[PDB]
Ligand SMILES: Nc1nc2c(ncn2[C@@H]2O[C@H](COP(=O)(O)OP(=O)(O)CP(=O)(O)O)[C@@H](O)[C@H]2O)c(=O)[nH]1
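Shown here is one chain on its own, the form solved without this ligand, set out as structure tokens.
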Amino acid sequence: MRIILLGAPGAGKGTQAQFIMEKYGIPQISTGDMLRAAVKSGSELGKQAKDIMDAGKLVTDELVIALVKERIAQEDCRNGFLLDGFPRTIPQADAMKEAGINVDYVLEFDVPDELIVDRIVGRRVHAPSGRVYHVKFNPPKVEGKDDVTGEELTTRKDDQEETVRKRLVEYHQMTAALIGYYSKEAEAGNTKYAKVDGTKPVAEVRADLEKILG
């Protein structure tokens, strides 16, 4: 069972990761994780990808692909894998096909931008301790203040409404053609594609995956 899980930043597609992992007994894999696990290994690619990172240049599509083919070749991927957040472009996806890395399902965790914004800007945090809150779901006992210390709560620079919005616009701009690519690939029978609605409750989204997957 080989699955590609896609979704906008802050949509929360990771909320179904462990379900898929336990359902079909497969590891979760991201380009970020293997970038490190490669350097950790004495692999040539690891040493290669290490130099590119130390020099602060983007990792080439060919090198990332090589790391992927290397990653899924390991024994933990005997029954498949869960590929999280990759590919991100059509060249990358085609490069996976050019190297014969097919997948069974392409899942698109979909959440409207406005909802994502609403979720994120609602966050509050106690920076020095790292304690997190949220105006809904988990508000502090004393309004605007940390339960433990009683100090005023703040917000992350990474959660600024203006910052989050640019991230989404950028993401859609970069992912739009790729979604159509896999949807068309599905019409060609090369893989299966399904646009999952991530606005419903977790338990409901989970049950929808079982009808899509099996």
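All residue numbers refer to positions in the sequence shown, first residue = 1.
Practice task
Mind pulling up the entry and telling me whether 56 to 64 or 34 to 42 has the higher mean Cα temperature factor?
Solution key: If you average the C-alpha B-factors of 56 to 64 and of 34 to 42, the larger mean comes out for 34 to 42.
Exercise for the section: Name the higher of the two by mean Cα B-factor in the PDB entry, 94 to 102 versus 80 to 88. Expected result: Between 80 to 88 and 94 to 102, it is 94 to 102 that shows the higher mean C-alpha B-factor.
Problem - Out of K184, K47, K166, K69, highest CA B-factor residue - result: Each of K184, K47, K166, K69 was compared by C-alpha B-factor; the highest is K47.
Exercise for the section: Name the residue from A207, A8, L5, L213 with the greatest C-alpha temperature factor listed in the entry. Expected result: Each of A207, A8, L5, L213 was compared by C-alpha B-factor; the highest is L213.
Exercise for the section: Comparing against every modelled residue in the chain, figure out the third that the C-alpha B-factor of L107 lands in (lowest, middle or highest). Expected result: Within its chain, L107 is a lowest-third residue by C-alpha B-factor, going by the deposited values.
Exercise for the section: Would you please rank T199 by its C-alpha temperature factor against the other modelled residues of its chain and give the third it falls in: lowest, middle or highest? Expected result: For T199, the deposited C-alpha B-factor lands in the middle third.
Practice task
Divide the modelled residues of the chain into thirds by Cα B-factor and specify which third, lowest, middle or highest, holds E114.
Solution key: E114: CA B-factor falls in the middle third of its chain.
Handout entry: Third of the chain, ranked by Cα B-factor, where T155 sits
Key = Middle third.
Problem - Cα B factor band for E162 (lowest, middle or highest third within the chain) - result: For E162, whose C-alpha B-factor we compare with every modelled residue in the chain, the answer is the middle third.
In what follows, reference is made to the form deposited with this ligand bound, a form of this protein that is not presented.
Problem - Listed residue (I120, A95, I72, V103) with a non-hydrogen atom within 4.5 angstroms of this ligand in the entry with it bound - result: The option sitting close enough to the partner is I120.
Practice task
Classify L209 as contacting or not contacting this ligand in the entry with it bound by the rule of any non-hydrogen atom within 4.5 angstroms, answering yes or no.
Solution key: Close contact is absent here: in the entry with it bound, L209 is far from this ligand, nothing within 4.5 Å, heavy atoms only.
Practice task
Mark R167 yes when one of its heavy atoms lies within 4.5 Å of a heavy atom of this ligand in the entry with it bound, and no otherwise.
Solution key: Within the cut-off, so yes.
Problem - Contact of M1 with this ligand in the entry with it bound (heavy atom, 4.5 Å) - result: Heavy-atom contact with this ligand at 4.5 Å: absent for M1.
Problem - Non-hydrogen atom contact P9 with this ligand in the entry with it bound at 4.5 angstroms - result: Although this ligand is absent here, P9 would touch it in the entry with it bound, with heavy atoms inside 4.5 Å.
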